[PDB]
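Q: Just upload.txt, nothing more (compact mmCIF, N, CA, C and O atoms and all ligand atoms):
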```txt
# COMPACT_ATOMS: atom_id res chain seq x y z
N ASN A 245 24.03 -28.09 -12.09
CA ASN A 245 23.48 -29.42 -11.84
C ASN A 245 23.65 -29.86 -10.39
O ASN A 245 22.68 -30.25 -9.73
N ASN A 246 24.87 -29.81 -9.88
CA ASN A 246 25.21 -30.45 -8.61
C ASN A 246 25.69 -29.44 -7.57
O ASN A 246 26.59 -29.71 -6.77
N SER A 247 25.05 -28.26 -7.53
CA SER A 247 25.40 -27.25 -6.54
C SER A 247 24.99 -27.64 -5.13
O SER A 247 25.48 -27.04 -4.17
N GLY A 248 24.12 -28.64 -4.98
CA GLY A 248 23.62 -28.96 -3.66
C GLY A 248 22.66 -27.90 -3.17
O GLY A 248 21.91 -27.29 -3.95
N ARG A 249 22.67 -27.68 -1.87
CA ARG A 249 21.80 -26.62 -1.38
C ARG A 249 22.63 -25.51 -0.74
O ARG A 249 23.68 -25.78 -0.15
N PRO A 250 22.19 -24.26 -0.84
CA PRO A 250 23.00 -23.15 -0.33
C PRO A 250 23.04 -23.11 1.19
O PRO A 250 22.32 -23.83 1.89
N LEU A 251 23.91 -22.24 1.70
CA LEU A 251 24.03 -22.04 3.14
C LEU A 251 22.84 -21.31 3.75
O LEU A 251 22.75 -21.24 4.98
N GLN A 252 21.94 -20.77 2.94
CA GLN A 252 20.70 -20.23 3.48
C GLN A 252 19.79 -21.33 4.02
O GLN A 252 18.82 -21.03 4.72
N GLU A 253 20.09 -22.59 3.69
CA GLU A 253 19.28 -23.72 4.10
C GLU A 253 20.10 -24.85 4.70
O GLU A 253 19.59 -25.96 4.86
N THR A 254 21.37 -24.60 5.03
CA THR A 254 22.26 -25.66 5.48
C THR A 254 23.03 -25.22 6.72
O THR A 254 23.44 -26.05 7.54
N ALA A 255 23.17 -23.90 6.90
CA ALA A 255 24.06 -23.36 7.92
C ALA A 255 23.57 -23.70 9.32
O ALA A 255 22.36 -23.65 9.59
N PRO A 256 24.47 -24.06 10.24
CA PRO A 256 24.05 -24.40 11.60
C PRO A 256 23.62 -23.17 12.38
O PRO A 256 23.78 -22.02 11.95
N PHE A 257 23.03 -23.44 13.55
CA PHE A 257 22.60 -22.45 14.53
C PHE A 257 21.54 -21.49 14.00
O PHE A 257 21.32 -20.42 14.57
N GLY A 258 20.86 -21.88 12.91
CA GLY A 258 19.68 -21.20 12.43
C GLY A 258 19.84 -19.75 12.06
O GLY A 258 19.02 -18.91 12.45
N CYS A 259 20.88 -19.42 11.31
CA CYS A 259 21.14 -18.04 10.93
C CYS A 259 21.26 -17.88 9.43
O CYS A 259 21.71 -18.79 8.73
N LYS A 260 20.85 -16.71 8.94
CA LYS A 260 20.60 -16.52 7.52
C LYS A 260 21.73 -15.74 6.87
O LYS A 260 22.33 -14.85 7.47
N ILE A 261 22.03 -16.10 5.62
CA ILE A 261 23.22 -15.63 4.93
C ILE A 261 22.81 -14.54 3.95
O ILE A 261 21.86 -14.71 3.18
N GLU A 262 23.52 -13.41 3.98
CA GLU A 262 23.33 -12.34 3.01
C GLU A 262 24.65 -12.05 2.32
O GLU A 262 25.73 -12.38 2.82
N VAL A 263 24.56 -11.38 1.17
CA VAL A 263 25.63 -11.38 0.18
C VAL A 263 26.20 -10.00 -0.11
O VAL A 263 27.17 -9.90 -0.86
N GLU A 264 25.63 -8.92 0.45
CA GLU A 264 26.15 -7.62 0.04
C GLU A 264 27.48 -7.33 0.74
O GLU A 264 28.43 -6.92 0.06
N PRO A 265 27.63 -7.51 2.06
CA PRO A 265 28.97 -7.76 2.61
C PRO A 265 29.26 -9.22 2.94
O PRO A 265 30.30 -9.48 3.55
N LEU A 266 28.37 -10.15 2.57
CA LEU A 266 28.47 -11.57 2.91
C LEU A 266 28.53 -11.77 4.43
O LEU A 266 29.57 -12.07 5.01
N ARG A 267 27.40 -11.50 5.07
CA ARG A 267 27.32 -11.67 6.51
C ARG A 267 26.32 -12.75 6.90
O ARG A 267 25.33 -12.99 6.21
N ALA A 268 26.61 -13.41 8.02
CA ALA A 268 25.71 -14.37 8.65
C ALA A 268 24.96 -13.64 9.76
O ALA A 268 25.58 -13.18 10.73
N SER A 269 23.64 -13.55 9.63
CA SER A 269 22.82 -12.74 10.51
C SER A 269 22.04 -13.63 11.47
O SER A 269 21.39 -14.59 11.04
N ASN A 270 22.11 -13.27 12.76
CA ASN A 270 21.39 -13.86 13.89
C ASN A 270 21.78 -15.30 14.18
O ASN A 270 20.92 -16.18 14.21
N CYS A 271 23.07 -15.55 14.42
CA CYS A 271 23.54 -16.87 14.82
C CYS A 271 23.54 -16.96 16.34
O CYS A 271 24.25 -16.21 17.01
N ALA A 272 22.74 -17.88 16.86
CA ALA A 272 22.59 -18.09 18.30
C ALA A 272 23.39 -19.33 18.69
O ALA A 272 22.87 -20.44 18.73
N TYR A 273 24.67 -19.13 18.98
CA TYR A 273 25.55 -20.26 19.25
C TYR A 273 26.22 -20.20 20.61
O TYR A 273 26.21 -21.20 21.34
N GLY A 274 26.81 -19.07 20.99
CA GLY A 274 27.64 -19.07 22.18
C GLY A 274 27.20 -18.15 23.30
O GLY A 274 26.03 -17.78 23.40
N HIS A 275 28.15 -17.79 24.16
CA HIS A 275 27.92 -16.89 25.28
C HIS A 275 28.87 -15.70 25.14
O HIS A 275 30.06 -15.88 24.87
N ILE A 276 28.34 -14.50 25.33
CA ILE A 276 29.10 -13.27 25.22
C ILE A 276 29.33 -12.72 26.63
O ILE A 276 28.36 -12.34 27.31
N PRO A 277 30.56 -12.71 27.13
CA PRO A 277 30.86 -11.88 28.30
C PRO A 277 30.69 -10.41 27.95
O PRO A 277 31.00 -9.97 26.84
N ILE A 278 30.19 -9.65 28.91
CA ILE A 278 29.87 -8.24 28.69
C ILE A 278 30.16 -7.48 29.97
O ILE A 278 29.96 -7.98 31.08
N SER A 279 30.70 -6.27 29.81
CA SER A 279 30.97 -5.38 30.93
C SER A 279 30.40 -4.01 30.61
O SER A 279 30.68 -3.45 29.55
N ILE A 280 29.61 -3.47 31.54
CA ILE A 280 28.91 -2.21 31.36
C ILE A 280 29.39 -1.24 32.44
O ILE A 280 29.43 -1.60 33.62
N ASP A 281 29.76 -0.03 32.02
CA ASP A 281 30.12 1.04 32.94
C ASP A 281 28.91 1.96 33.04
O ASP A 281 28.79 2.95 32.32
N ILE A 282 28.00 1.62 33.94
CA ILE A 282 26.77 2.40 34.13
C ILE A 282 27.12 3.73 34.78
O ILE A 282 27.85 3.75 35.79
N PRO A 283 26.66 4.86 34.24
CA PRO A 283 26.96 6.15 34.88
C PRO A 283 26.26 6.29 36.22
O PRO A 283 25.23 5.67 36.48
N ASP A 284 26.85 7.11 37.09
CA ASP A 284 26.33 7.31 38.43
C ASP A 284 25.02 8.09 38.45
O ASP A 284 24.34 8.11 39.48
N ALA A 285 24.65 8.75 37.34
CA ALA A 285 23.37 9.44 37.29
C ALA A 285 22.20 8.47 37.29
O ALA A 285 21.10 8.83 37.72
N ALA A 286 22.41 7.25 36.80
CA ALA A 286 21.35 6.25 36.81
C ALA A 286 21.07 5.75 38.22
O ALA A 286 19.91 5.50 38.57
N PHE A 287 22.11 5.60 39.03
CA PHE A 287 21.93 5.11 40.39
C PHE A 287 21.30 6.18 41.27
O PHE A 287 21.69 7.35 41.22
N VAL A 288 20.32 5.77 42.08
CA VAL A 288 19.74 6.63 43.10
C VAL A 288 20.06 6.01 44.45
O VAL A 288 20.27 4.80 44.58
N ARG A 289 20.09 6.86 45.48
CA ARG A 289 20.44 6.39 46.81
C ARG A 289 19.30 5.55 47.39
O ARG A 289 18.16 5.60 46.94
N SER A 290 19.64 4.78 48.42
CA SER A 290 18.66 3.92 49.07
C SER A 290 17.61 4.70 49.85
O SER A 290 16.57 4.13 50.18
N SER A 291 17.87 5.97 50.16
CA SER A 291 16.88 6.78 50.87
C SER A 291 15.67 7.07 49.99
O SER A 291 14.53 6.96 50.44
N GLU A 292 15.90 7.45 48.73
CA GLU A 292 14.80 7.78 47.83
C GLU A 292 14.06 6.55 47.33
O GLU A 292 12.91 6.67 46.90
N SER B 293 2.63 14.61 76.04
CA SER B 293 3.32 13.94 74.95
C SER B 293 2.56 12.67 74.56
O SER B 293 2.04 11.97 75.43
N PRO B 294 2.46 12.39 73.26
CA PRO B 294 1.77 11.16 72.83
C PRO B 294 2.51 9.92 73.29
O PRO B 294 3.74 9.88 73.34
N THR B 295 1.74 8.89 73.63
CA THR B 295 2.28 7.65 74.15
C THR B 295 2.26 6.60 73.05
O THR B 295 1.21 6.32 72.47
N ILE B 296 3.43 6.02 72.77
CA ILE B 296 3.55 4.98 71.76
C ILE B 296 3.14 3.66 72.40
O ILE B 296 3.83 3.16 73.30
N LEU B 297 2.01 3.11 71.97
CA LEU B 297 1.53 1.85 72.54
C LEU B 297 2.43 0.69 72.15
O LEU B 297 2.79 -0.13 73.00
N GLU B 298 2.82 0.60 70.88
CA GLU B 298 3.81 -0.37 70.46
C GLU B 298 4.58 0.20 69.28
O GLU B 298 4.02 0.94 68.47
N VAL B 299 5.86 -0.15 69.20
CA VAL B 299 6.71 0.30 68.11
C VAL B 299 7.57 -0.87 67.65
O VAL B 299 7.99 -1.71 68.46
N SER B 300 7.78 -0.96 66.34
CA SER B 300 8.63 -1.99 65.76
C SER B 300 9.58 -1.34 64.76
O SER B 300 9.14 -0.59 63.88
N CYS B 301 10.87 -1.64 64.89
CA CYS B 301 11.89 -1.10 64.00
C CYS B 301 12.27 -2.15 62.97
O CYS B 301 12.72 -3.24 63.33
N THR B 302 12.09 -1.82 61.70
CA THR B 302 12.59 -2.65 60.61
C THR B 302 13.52 -1.82 59.74
O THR B 302 13.16 -0.72 59.31
N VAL B 303 14.73 -2.32 59.53
CA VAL B 303 15.77 -1.56 58.85
C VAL B 303 16.28 -2.38 57.67
O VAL B 303 16.53 -3.58 57.80
N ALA B 304 16.38 -1.73 56.52
CA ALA B 304 16.81 -2.39 55.29
C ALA B 304 17.79 -1.50 54.55
O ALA B 304 17.68 -0.27 54.58
N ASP B 305 18.75 -2.15 53.89
CA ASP B 305 19.81 -1.50 53.12
C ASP B 305 20.62 -0.53 53.98
O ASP B 305 20.67 0.68 53.74
N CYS B 306 21.25 -1.09 55.01
CA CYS B 306 22.15 -0.34 55.87
C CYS B 306 23.56 -0.34 55.28
O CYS B 306 24.06 -1.38 54.84
N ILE B 307 24.18 0.83 55.27
CA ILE B 307 25.56 1.00 54.81
C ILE B 307 26.27 1.86 55.84
O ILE B 307 25.86 3.00 56.08
N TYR B 308 27.32 1.32 56.46
CA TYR B 308 28.07 2.12 57.42
C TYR B 308 29.02 3.03 56.67
O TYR B 308 29.92 2.56 55.97
N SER B 309 28.80 4.33 56.80
CA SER B 309 29.44 5.32 55.94
C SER B 309 29.42 6.66 56.66
O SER B 309 28.76 6.83 57.69
N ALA B 310 30.17 7.61 56.11
CA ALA B 310 30.13 8.98 56.62
C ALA B 310 28.76 9.61 56.39
O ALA B 310 28.21 10.26 57.29
N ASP B 311 28.18 9.40 55.21
CA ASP B 311 26.85 9.91 54.92
C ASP B 311 25.81 9.07 55.66
O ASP B 311 26.10 7.98 56.16
N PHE B 312 24.59 9.59 55.74
CA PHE B 312 23.49 8.82 56.31
C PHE B 312 23.13 7.70 55.34
O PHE B 312 22.30 7.88 54.44
N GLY B 313 23.74 6.54 55.53
CA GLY B 313 23.60 5.45 54.58
C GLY B 313 22.56 4.42 54.97
O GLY B 313 22.26 3.52 54.17
N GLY B 314 22.01 4.52 56.17
CA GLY B 314 21.03 3.58 56.66
C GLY B 314 19.66 4.22 56.76
O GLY B 314 19.54 5.42 57.01
N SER B 315 18.62 3.40 56.60
CA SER B 315 17.24 3.87 56.72
C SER B 315 16.43 2.82 57.46
O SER B 315 16.41 1.66 57.07
N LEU B 316 15.74 3.25 58.52
CA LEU B 316 14.92 2.37 59.33
C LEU B 316 13.51 2.93 59.42
O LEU B 316 13.31 4.14 59.52
N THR B 317 12.53 2.04 59.38
CA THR B 317 11.12 2.40 59.48
C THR B 317 10.57 1.92 60.81
O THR B 317 10.72 0.74 61.16
N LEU B 318 9.95 2.83 61.55
CA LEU B 318 9.27 2.53 62.79
C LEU B 318 7.78 2.43 62.51
O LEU B 318 7.18 3.38 61.99
N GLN B 319 7.19 1.29 62.86
CA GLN B 319 5.75 1.11 62.81
C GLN B 319 5.19 1.30 64.21
O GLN B 319 5.69 0.70 65.17
N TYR B 320 4.14 2.12 64.33
CA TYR B 320 3.65 2.58 65.62
C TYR B 320 2.13 2.68 65.60
O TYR B 320 1.50 2.91 64.56
N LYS B 321 1.54 2.52 66.79
CA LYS B 321 0.10 2.53 67.04
C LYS B 321 -0.23 3.39 68.26
O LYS B 321 -0.89 2.94 69.20
N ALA B 322 0.24 4.64 68.26
CA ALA B 322 0.06 5.54 69.39
C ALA B 322 -1.42 5.89 69.60
O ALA B 322 -2.31 5.46 68.87
N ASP B 323 -1.69 6.70 70.63
CA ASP B 323 -3.05 7.04 71.00
C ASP B 323 -3.47 8.45 70.63
O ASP B 323 -4.67 8.75 70.68
N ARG B 324 -2.54 9.33 70.28
CA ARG B 324 -2.87 10.72 70.01
C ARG B 324 -1.85 11.29 69.04
O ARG B 324 -0.67 10.96 69.10
N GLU B 325 -2.33 12.14 68.14
CA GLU B 325 -1.46 12.78 67.16
C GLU B 325 -0.62 13.86 67.82
O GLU B 325 -1.15 14.72 68.53
N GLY B 326 0.69 13.82 67.58
CA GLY B 326 1.58 14.80 68.19
C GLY B 326 3.01 14.52 67.78
O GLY B 326 3.29 13.59 67.03
N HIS B 327 3.92 15.32 68.30
CA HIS B 327 5.32 15.26 67.91
C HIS B 327 6.15 14.53 68.96
O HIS B 327 6.09 14.86 70.15
N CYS B 328 6.93 13.52 68.50
CA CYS B 328 7.88 12.81 69.34
C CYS B 328 9.32 13.13 68.97
O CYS B 328 9.64 13.26 67.78
N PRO B 329 10.21 13.23 69.95
CA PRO B 329 11.64 13.17 69.65
C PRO B 329 12.05 11.73 69.37
O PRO B 329 11.76 10.82 70.14
N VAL B 330 12.73 11.53 68.24
CA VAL B 330 13.30 10.24 67.88
C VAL B 330 14.78 10.28 68.19
O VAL B 330 15.46 11.28 67.92
N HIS B 331 15.29 9.22 68.81
CA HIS B 331 16.68 9.21 69.24
C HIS B 331 17.28 7.83 69.04
O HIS B 331 16.59 6.82 69.11
N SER B 332 18.59 7.81 68.79
CA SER B 332 19.36 6.57 68.73
C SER B 332 20.26 6.53 69.96
O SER B 332 21.07 7.44 70.17
N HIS B 333 20.12 5.48 70.76
CA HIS B 333 20.77 5.40 72.06
C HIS B 333 22.14 4.74 72.00
O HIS B 333 22.59 4.15 72.99
N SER B 334 22.81 4.82 70.85
CA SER B 334 24.16 4.31 70.70
C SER B 334 25.10 5.44 70.32
O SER B 334 24.70 6.42 69.68
N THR B 335 26.36 5.30 70.71
CA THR B 335 27.40 6.23 70.29
C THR B 335 27.96 5.90 68.92
O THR B 335 28.83 6.63 68.43
N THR B 336 27.48 4.83 68.29
CA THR B 336 27.97 4.39 66.99
C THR B 336 27.05 4.77 65.84
O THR B 336 27.53 5.01 64.73
N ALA B 337 25.75 4.86 66.09
CA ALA B 337 24.79 5.26 65.06
C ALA B 337 24.05 6.51 65.50
O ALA B 337 23.61 6.62 66.65
N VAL B 338 23.91 7.46 64.57
CA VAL B 338 23.27 8.74 64.84
C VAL B 338 22.12 8.94 63.85
O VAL B 338 22.23 8.61 62.67
N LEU B 339 20.99 9.43 64.37
CA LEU B 339 19.82 9.70 63.54
C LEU B 339 19.94 11.06 62.87
O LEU B 339 20.48 12.01 63.45
N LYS B 340 19.44 11.15 61.64
CA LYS B 340 19.39 12.44 60.96
C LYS B 340 18.28 13.31 61.52
O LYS B 340 18.47 14.51 61.75
N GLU B 341 17.11 12.73 61.76
CA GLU B 341 15.97 13.47 62.27
C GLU B 341 15.94 13.41 63.79
O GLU B 341 16.28 12.39 64.40
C1 LIG C 401 21.34 -31.21 -14.18
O1 LIG C 401 21.17 -31.34 -12.78
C2 LIG C 401 20.14 -32.19 -12.32
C3 LIG C 401 20.03 -32.06 -10.81
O2 LIG C 401 20.61 -33.18 -10.19
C4 LIG C 401 20.44 -33.61 -12.79
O3 LIG C 401 19.49 -34.55 -12.32
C5 LIG C 401 20.37 -33.61 -14.30
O4 LIG C 401 20.69 -34.86 -14.84
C6 LIG C 401 21.36 -32.59 -14.88
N1 LIG C 401 21.21 -32.46 -16.31
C7 LIG C 401 20.15 -31.99 -17.00
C8 LIG C 401 20.35 -31.99 -18.50
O5 LIG C 401 19.11 -31.58 -16.51
```
Just dump the structure as structure tokens.
Ligand SMILES: *[C@@H]1O[C@H](CO)[C@@H](O)[C@H](O)[C@H]1NC(C)=O

A:
Amino acid sequence: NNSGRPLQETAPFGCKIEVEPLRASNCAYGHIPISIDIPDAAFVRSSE
Amino acid sequence: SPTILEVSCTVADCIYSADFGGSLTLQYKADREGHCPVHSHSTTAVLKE
């Protein structure tokens, strides 16, 4: 009777709830610091 | 020897290093096709070619 509405229609930041491992998918809320160790094979010299 | 009527040196992405880290482009409007010696007149920078 009084379940209200599920988190598939209530959860903030516009992300959808699934139940097989119970995960919240595609939540766009914060900022992620990231560090990449690009290999030297990608870099080419300024001459080429 | 061909005569260079005008020449302009523009250099981008210079790196002072043991390797040849700098590259400069000479724009020229000479009068005849031929071979020139290119030289750097400083004791601090040396040309590869
Ligand atoms: C069950 O839930 C609804 C939803 O609010 C409620 O209005 C209703 O009175 C409840 N009972 C029945 C018998 O439907």

Q: Taking only N, CA, C and O atoms and all ligand atoms into account, which residues have an atom no farther than 8 Å from ligand LIG 401 (chain C)? I'd like them as a PDB file with N, CA, C and O atoms, in the coordinates of the input.

A:
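File pocket-v6.pdb, as written:
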```pdb
ATOM      1  N   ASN A 245      24.030 -28.090 -12.090  1.00  0.00           N
ATOM      2  CA  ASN A 245      23.480 -29.420 -11.840  1.00  0.00           C
ATOM      3  C   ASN A 245      23.650 -29.860 -10.390  1.00  0.00           C
ATOM      4  O   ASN A 245      22.680 -30.250  -9.730  1.00  0.00           O
ATOM      5  N   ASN A 246      24.870 -29.810  -9.880  1.00  0.00           N
ATOM      6  CA  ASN A 246      25.210 -30.450  -8.610  1.00  0.00           C
ATOM      7  C   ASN A 246      25.690 -29.440  -7.570  1.00  0.00           C
ATOM      8  O   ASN A 246      26.590 -29.710  -6.770  1.00  0.00           O
ATOM      9  N   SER A 247      25.050 -28.260  -7.530  1.00  0.00           N
ATOM     10  CA  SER A 247      25.400 -27.250  -6.540  1.00  0.00           C
ATOM     11  C   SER A 247      24.990 -27.640  -5.130  1.00  0.00           C
ATOM     12  O   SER A 247      25.480 -27.040  -4.170  1.00  0.00           O
ATOM     13  N   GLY A 248      24.120 -28.640  -4.980  1.00  0.00           N
ATOM     14  CA  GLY A 248      23.620 -28.960  -3.660  1.00  0.00           C
ATOM     15  C   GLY A 248      22.660 -27.900  -3.170  1.00  0.00           C
ATOM     16  O   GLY A 248      21.910 -27.290  -3.950  1.00  0.00           O
TER      17      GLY A 248
END
```

Q: For chain B, which residues have at least one atom within 8 Å of chain A, if we go by only N, CA, C and O atoms? Write them as a PDB file with N, CA, C and O atoms, in the coordinates of the input, please.

A:
```
ATOM      1  N   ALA B 304      16.380  -1.730  56.520  1.00  0.00           N
ATOM      2  CA  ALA B 304      16.810  -2.390  55.290  1.00  0.00           C
ATOM      3  C   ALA B 304      17.790  -1.500  54.550  1.00  0.00           C
ATOM      4  O   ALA B 304      17.680  -0.270  54.580  1.00  0.00           O
ATOM      5  N   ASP B 305      18.750  -2.150  53.890  1.00  0.00           N
ATOM      6  CA  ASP B 305      19.810  -1.500  53.120  1.00  0.00           C
ATOM      7  C   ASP B 305      20.620  -0.530  53.980  1.00  0.00           C
ATOM      8  O   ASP B 305      20.670   0.680  53.740  1.00  0.00           O
ATOM      9  N   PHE B 312      24.590   9.590  55.740  1.00  0.00           N
ATOM     10  CA  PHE B 312      23.490   8.820  56.310  1.00  0.00           C
ATOM     11  C   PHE B 312      23.130   7.700  55.340  1.00  0.00           C
ATOM     12  O   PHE B 312      22.300   7.880  54.440  1.00  0.00           O
ATOM     13  N   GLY B 313      23.740   6.540  55.530  1.00  0.00           N
ATOM     14  CA  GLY B 313      23.600   5.450  54.580  1.00  0.00           C
ATOM     15  C   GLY B 313      22.560   4.420  54.970  1.00  0.00           C
ATOM     16  O   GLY B 313      22.260   3.520  54.170  1.00  0.00           O
ATOM     17  N   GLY B 314      22.010   4.520  56.170  1.00  0.00           N
ATOM     18  CA  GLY B 314      21.030   3.580  56.660  1.00  0.00           C
ATOM     19  C   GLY B 314      19.660   4.220  56.760  1.00  0.00           C
ATOM     20  O   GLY B 314      19.540   5.420  57.010  1.00  0.00           O
ATOM     21  N   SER B 315      18.620   3.400  56.600  1.00  0.00           N
ATOM     22  CA  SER B 315      17.240   3.870  56.720  1.00  0.00           C
ATOM     23  C   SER B 315      16.430   2.820  57.460  1.00  0.00           C
ATOM     24  O   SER B 315      16.410   1.660  57.070  1.00  0.00           O
TER      25      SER B 315
END
```

Q: Could you please determine the separation between CA of residue 322 in chain B and atom C of residue 299 in chain B in Å, to one decimal place?

A: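 Separation between CA of residue 322 in chain B and atom C of residue 299 in chain B: 10.0 Å.
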
Q: Going by DSSP on the backbone, which residues of chain A come out as strand (DSSP E)? List them as a list in words.

A: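 Output for chain A, strand (DSSP E) only: residues 260, 261, 262, 267, 268 and 269 of chain A.
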
Q: What is the atom N of residue 323 in chain B-atom C of residue 337 in chain B distance in Å, reported with one decimal?

A: 26.2 Å

Q: Considering only N, CA, C and O atoms, return as a PDB file with N, CA, C and O atoms, keeping the file's coordinate frame whatever protein or nucleic-acid residues lie within 5 Å of residue 259 in chain A, sequence-local ones (same chain, fewer than 5 positions apart) excluded.

A:
```pdb
ATOM      1  N   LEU A 251      23.910 -22.240   1.700  1.00  0.00           N
ATOM      2  CA  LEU A 251      24.030 -22.040   3.140  1.00  0.00           C
ATOM      3  C   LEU A 251      22.840 -21.310   3.750  1.00  0.00           C
ATOM      4  O   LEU A 251      22.750 -21.240   4.980  1.00  0.00           O
ATOM      5  N   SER A 269      23.640 -13.550   9.630  1.00  0.00           N
ATOM      6  CA  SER A 269      22.820 -12.740  10.510  1.00  0.00           C
ATOM      7  C   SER A 269      22.040 -13.630  11.470  1.00  0.00           C
ATOM      8  O   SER A 269      21.390 -14.590  11.040  1.00  0.00           O
ATOM      9  N   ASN A 270      22.110 -13.270  12.760  1.00  0.00           N
ATOM     10  CA  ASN A 270      21.390 -13.860  13.890  1.00  0.00           C
ATOM     11  C   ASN A 270      21.780 -15.300  14.180  1.00  0.00           C
ATOM     12  O   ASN A 270      20.920 -16.180  14.210  1.00  0.00           O
ATOM     13  N   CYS A 271      23.070 -15.550  14.420  1.00  0.00           N
ATOM     14  CA  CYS A 271      23.540 -16.870  14.820  1.00  0.00           C
ATOM     15  C   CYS A 271      23.540 -16.960  16.340  1.00  0.00           C
ATOM     16  O   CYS A 271      24.250 -16.210  17.010  1.00  0.00           O
TER      17      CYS A 271
END
```

Q: Let me have the centre and edge lengths in Å, one decimal, of the box along x, y and z around every listed atom of range 258-275 of chain A with 3 Å of margin on each side, as JSON.

A:
```
{"center_x": 24.7, "center_y": -14.4, "center_z": 12.2, "size_x": 17.3, "size_y": 21.0, "size_z": 32.1}
```

Q: Grab the CA of residue 303 in chain B to CA of residue 318 in chain B distance for me, in Å with one decimal place.

A: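 That distance, rounded to one decimal, is 8.6 Å.
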
Q: Tell me, as a list in words, which residues lie within 9 Å of residue 298 in chain B, counting only C-alpha atoms; anything in the same chain fewer than 4 positions away does not count.

A: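 The neighbour list is residues 319, 320, 321 and 322 of chain B.
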